[PDB]
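Residue numbers (PDB author numbering), protein chains in the order written: chain O, 101 to 150; chain M, 746 to 802; chain D, 1 to 91, 99 to 111, 113 to 150, 152 to 327; chain B, 491 to 572; chain A, 916 to 1147, 1175 to 1356, 1384 to 1432, 1457 to 1463; chain C, 4 to 292, 321 to 374.
Just so it is clear, CB atoms sit at the ideal spot from N, CA and C, and this is done for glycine as well.
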Amino acid sequence: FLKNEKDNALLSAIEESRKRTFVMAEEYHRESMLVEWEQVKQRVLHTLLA
Amino acid sequence: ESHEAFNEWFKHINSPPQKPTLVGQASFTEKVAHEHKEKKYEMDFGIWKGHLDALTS
Amino acid sequence: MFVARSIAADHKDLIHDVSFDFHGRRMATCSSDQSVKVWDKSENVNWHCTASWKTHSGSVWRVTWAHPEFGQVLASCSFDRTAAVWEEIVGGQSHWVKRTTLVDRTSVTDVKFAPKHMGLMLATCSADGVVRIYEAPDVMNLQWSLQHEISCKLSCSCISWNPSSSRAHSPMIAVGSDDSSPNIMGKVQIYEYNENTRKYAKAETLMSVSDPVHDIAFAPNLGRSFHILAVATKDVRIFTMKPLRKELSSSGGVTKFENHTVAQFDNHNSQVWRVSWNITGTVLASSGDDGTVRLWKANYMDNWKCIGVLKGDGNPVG
Amino acid sequence: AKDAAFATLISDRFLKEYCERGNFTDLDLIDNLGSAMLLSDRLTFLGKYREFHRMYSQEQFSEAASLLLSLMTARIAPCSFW
Amino acid sequence: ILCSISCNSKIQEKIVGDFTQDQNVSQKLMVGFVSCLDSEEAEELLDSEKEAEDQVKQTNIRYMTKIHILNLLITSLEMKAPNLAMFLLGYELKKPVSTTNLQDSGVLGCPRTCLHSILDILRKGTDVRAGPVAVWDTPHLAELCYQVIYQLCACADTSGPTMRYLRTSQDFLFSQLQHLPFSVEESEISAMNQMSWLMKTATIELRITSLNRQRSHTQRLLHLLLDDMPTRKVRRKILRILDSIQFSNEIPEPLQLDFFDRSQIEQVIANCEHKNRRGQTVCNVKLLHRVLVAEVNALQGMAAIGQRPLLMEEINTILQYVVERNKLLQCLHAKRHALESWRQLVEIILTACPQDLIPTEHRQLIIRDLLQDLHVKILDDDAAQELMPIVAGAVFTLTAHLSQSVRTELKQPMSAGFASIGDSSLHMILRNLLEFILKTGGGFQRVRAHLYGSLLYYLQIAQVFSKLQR
Amino acid sequence: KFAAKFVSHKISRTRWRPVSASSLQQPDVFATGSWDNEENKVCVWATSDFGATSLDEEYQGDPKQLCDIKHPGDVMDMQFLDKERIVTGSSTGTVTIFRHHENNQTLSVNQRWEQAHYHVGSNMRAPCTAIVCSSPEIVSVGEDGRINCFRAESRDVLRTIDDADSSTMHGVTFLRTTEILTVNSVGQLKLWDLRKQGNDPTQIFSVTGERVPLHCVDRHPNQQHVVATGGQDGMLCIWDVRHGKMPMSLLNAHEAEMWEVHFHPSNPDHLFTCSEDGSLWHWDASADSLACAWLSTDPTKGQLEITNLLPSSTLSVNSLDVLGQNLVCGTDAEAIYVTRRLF
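Here it is, written out as structure tokens:
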């Protein structure tokens, strides 16, 4: 199954690219959620000041 | 210092000049090259022996 | 912007030839006045006559220099049926001394020293249709031994050694044939030295040269896998000669050739009389009855073109 | 040049000169040929013969004579130096 | 003559038909070939070679015969079928090339075939001075036998009758693998080739045996192969095999010429060294002999006849040197292929193996040791550049799998799961990795790509952590 | 550190005009000889503009040609005899004295010896390979193996040593007022007494077993027994002409032929060498500071500091000259390099 092992190596490389995309995309979504939370907090602070 | 001098002496005594050997069917050019090698060996041996006696002292 | 500066030669009779030495520091001139003169180039780029002597009682047809490894040696050939070898015996007492006269039946039409790696050899050709090859057995004693006679079966007008020093090529000579021969074609023949027979054998005949041949020149090979030959006839012809393939199992032949005419030029406008390559074999000079010298060169697409034309007054054509 | 042929040529020019004057020109060069003496048999003969003359000047008479005999028997000498 | 004939594909058919028309005929021809190869050279009559050149050439002829025969067999096999090879190896043409029942010689009237014969051969244990005649050419014989077993399924259709026969009747692979590595210093080349073929073979073997489900078999096999742990620090056999491969080789004394240019001779050596079938630049006898004669002819020494003995001795040394260089290049391509073998074999095996790796702990320990040793070996200034890509792919695979393994432990429940892990060790591994990354010049982009991939997989494991990152 | 002047001729020789020992003026004028052209010349050059009285401007000044004269043959060697007179050896075997007329910025032929060097028997001209001056005395050597002695005011050759060498002599220097050293194509340094009536050298020095050509020779200014030579192998040899027949030191200096060697005239702990390999090296024997530092046989005493003064990839540096803080050199790259701030 030497050819299978070569195919597996290619598969592992694809998996690594996929994990990179998984991490960066998740981080971007988390950053967007954090920005929305910060905006909500700022609005609450403005309401308290009112 | 005594161990260093002994090690220098011991290296030098174990590196004598090689006496040229004549291969038994040497051409006329190879015999002249041998006499030049033998004169070079006697000179190199004289220098080696003088250095050995200095290191021995 | 070539510049030509006249010198007062003051020749007794018009000199039919001029030959430079291998270094271009000396030249020899020859004339109807029966003399050869030698001229040395000073540091100031001026020419001075350093020797002048009466050489023969016959039309000196050709003059050639030996390679400088054999010393300051000249050969000449003549209508008197002889070739002569000359050595520059200098003391400032130069007096080109006749060392030998080769006397082996008709006008000797051309004379050429062989390439130096073959030793001190001299080829002559004669109107009897024979090429003769002589060797000096001692370079210090310029005695000559007849090594070869090559029967061309046509009047010989000119000869050229193949200058190739490659051990992959046997010694080769091109020969011509002045005979008008209303019919016989093949007026350029190629001879190759055969090591097995110890004789020159006819390797090729350029059948396309049915016109009388006045001059021939092999180009310097400079690492090409094929030879180039210029031929002066009614036109300028350039041939490529490709040697055929081979097997190491056995071999004893002239190894037949594939020959292509790569250029033919009628632009001379008169029977082209001479052809000469520059030292790199990249520019050809030709002369003809039109009273001009023309210069020919290939571009990077192997297209040959003329690149200069001259006048009787000495001015280059605008 | 390793030029052994030209080496022999110059050896022979020096020989013309010595057949004639009874002495070598440029003694110091011949004495220092070393391994270059082996470039040609003629040069070899020249150098060995110069060594023989050196032995003769040093009163090493036996040595000089034996060197001469060996040269003569090896026929390195040209057949007139016999 | 027979083998020569063999070398033409078309005729095999006519030939086989001929051999078989008569029952007596086929029988006799075949078993004659067979007993012939059982070269039982004089055994107990007070010595085989009691006389002289005679029995020496006897043995020589026996050898050449063996050779021609085996070559024939091999060539035939690959051609097609029913091939002369199928008849000689004991596969009946009438029976399906897949339904054939291979039996030990003498069981149910089965004649001794080539199979039985080669088996007997290698079984003896070839400590013999003969070694494999492949020495100056080919095969170790053993090589042809392993090839026939592989083609069982490799060349289609021979299936596994061979593997079933080698497992049940002869316990062949276990008996032979116990003696690895073969120390044929003689031809490190030979030893290496032996090892290579053995590799491919046992590899496909285990693969298919497991694809089936034969656990005990697979068990014993791998158990042994890996337990460097002393039973009844004993380095694991796989690591011992790797220790036997030196990836650094000595270099030839520089050529010295009195009359002659050196730089020119090195250029001439570089030129006439033509490419052998393995892609090695070697003049081989060819260019050597003829090239040396041509050089002697070119060096003209007319006048000074006297200097001849010298030139003679000098050319001899040049010859010796070029010979040594060629020997070395050969030894090198061999090692390259052997390494390929090792790598692929091992890796594929373990990683595609049905994971029954009980102590994933031990699994990882093994991975660790391996990586360590490899790194050590390759980080050496004298390591052959030709072995680098192999190491590279190896590391890539190893690392991805190891990372998966790490998470496979971080994702369970039982101080016993990061116990044998080693972060320091993670770190040292990292260090070695980086070192190798650095040492890799622009040339080996591919190696760097594998290493970048391995590093990325490693970094995913860390996704004490803050301390490790720092 | 160097101003480079391209001059459309290869430069065989460069020399500074000698300054009076009483002058506080830095050397400002030098001469050059050309070679390997159809028309060769001797040129005179200035480094300063006659008029810049600012002590504070960075010398970016290209050297300016003051005057020239056509020189038959290739200027094989060149020396100043004094402030007004330049001596040359020619490839034609002629020795020539030129006079420089500073007021008019012209060169003129003052005197010539057209048969200084020639082969006996053929009367063929032989190249004059080196010259040395000690006013009013001039010595020349050539490919004919002759040593000629001239006096600048004498039309006749004062002395010839015929057949002094059977090999080409390449270099000559004064050991003392009546003694010279020569170097030749067989690796010999020869000592001559110009008063001895015979044609044999007084002494012969050589490296044992090797016949490498020596091209250059210079004498230590203060130590009349210390001599430097350069060879075809690029080796720098240091000699004590009182001690043995062998060099005291053999130093790997260049990768090709060493054309010139010069001790610094006023600070002889410095030495300079130039080569066919295109390099120009400064050697400093002062770095550890009367045992001449150049004669130290102790590799632990006297670290020589060695500096290449020119950029990598010059063509052959055929000549150098050094005077005070100034160095000039000439090259096959049709270039003159000048520095006025060596140290």
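For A778(M), at least one C-beta of chain B is nearer than 8 Å to its own C-beta. Within the same chain, Cβ atoms closer than 7 Å to the Cβ of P145(D) are found at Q152, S154, the five residues on either side in sequence being excluded. Neighbours of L505(B) in chain C, taken as residues whose beta carbon is under 7 Å from its own, are absent, since the nearest beta carbon is some 16 Å off. Per DSSP, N357(C) lies in no alpha helix (DSSP H); the unbroken beta strand (DSSP E) holding it starts and ends at 357-362.
Using a C-beta cut-off of 8 Å, the segment 1326-1341 of chain A makes contact with the segment 1276-1286 of chain A, since at least three inter-stretch Cβ pairs fall below that distance. The contact set of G24(D) on chain C, defined by CB atoms closer than 9 Å, is empty, because the minimum CB distance reaches about 12 Å.
One alpha carbon belongs to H983(A), the other to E1256(A), and they sit about 39 Å apart. Close partners of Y1426(A) in chain O (Cβ separation under 9 Å): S112, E115, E116, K119.
At a cut-off of 8 Å, the C-beta of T534(B) has no neighbouring C-beta in chain C. Rounded to the nearest angstrom, the gap between the Cα atoms of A150(O) and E136(O) is 21 Å. Bounds of any beta strand (DSSP E) do not take in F773(M); it lies within the alpha helix (DSSP H) bounded by 773-801. Contact between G234(C) and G190(C) holds: CB atoms are separated by about 7 Å, below the 8 Å threshold. Scanning its chain for C-beta atoms nearer than 6 Å, with the 5 sequence neighbours on each side dropped, one finds around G321(D) the residues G300, in chain order. Excluding the 5 residues flanking it on each side, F235(D) has same chain C-beta neighbours closer than 7 Å at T249, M250, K251, in chain order. Neighbours of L528(B) across chain A, judged by C-beta separation under 9 Å: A1246, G1248, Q1249, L1252. The CB of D493(B) never comes closer than 7 Å to any CB in chain C; the least such distance is about 16 Å.
DSSP, reduced to helix, strand and coil, places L192(C) within a strand of the structure shown. Put simply, the backbone Cα of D516(B) is about 13 Å away from that of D165(C). Taking every protein chain shown into account, the CB of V348(C) has 16 or more other CB atoms within 10 angstroms, so this residue is buried. In the DSSP assignment, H1317(A) falls within the alpha helix (DSSP H) that extends over 1302-1320. If the five residues before and after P68(D) are omitted, its C-beta is found closer than 6 Å to the C-beta atoms of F22, all from its own chain and listed in chain order. When the Cα atoms are used, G24(D) and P224(C) turn out to be separated by approximately 47 Å. Residues of the segment 755-780 of chain M with a C-beta atom less than 9 Å from some C-beta of chain B are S772, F773, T774, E775, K776, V777, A778, listed in chain order. For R214(C), at least one C-beta of chain B is nearer than 8 Å to its own C-beta. Annotated three-state conformation of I1064(A) is helix, per DSSP.
In this structure, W116(C) and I150(C) do not form a Cβ contact; the two beta carbons are roughly 14 Å apart against a cut-off of 8 Å.
Distance between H269(D) and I225(D), taken at the CA atoms: about 16 Å.
Distances from the CA of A1069(A) to each of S1013(A), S1384(A), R1135(A), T1083(A) were compared; the closest alpha carbon is that of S1013(A). For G99(D), the neighbours in chain C by C-beta distance under 7 Å run, in chain order, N126.
In this structure, DSSP gives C1214(A) a helical state, which the three-state scheme calls helix.
Residues of chain O whose Cβ lies closer than 8 Å to the Cβ of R1349(A) do not exist, since the nearest Cβ in that chain is about 11 Å away. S76(D) sits away from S52(D), with the two beta carbons spaced by 8 Å or more. Between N998(A) and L992(A), the beta carbon gap of about 6 Å places them in contact (Cβ cut-off 8 Å). About 5 Å separates the CB atoms of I134(C) and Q82(C); that is less than 8 Å, so the two are in contact.
Interface criterion met: the Cβ of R1122(A) is under 8 Å from a Cβ in chain O. The Cβ neighbour count for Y1080(A), taken over all protein chains shown within 10 Å, is at least 16; the residue is labelled buried.
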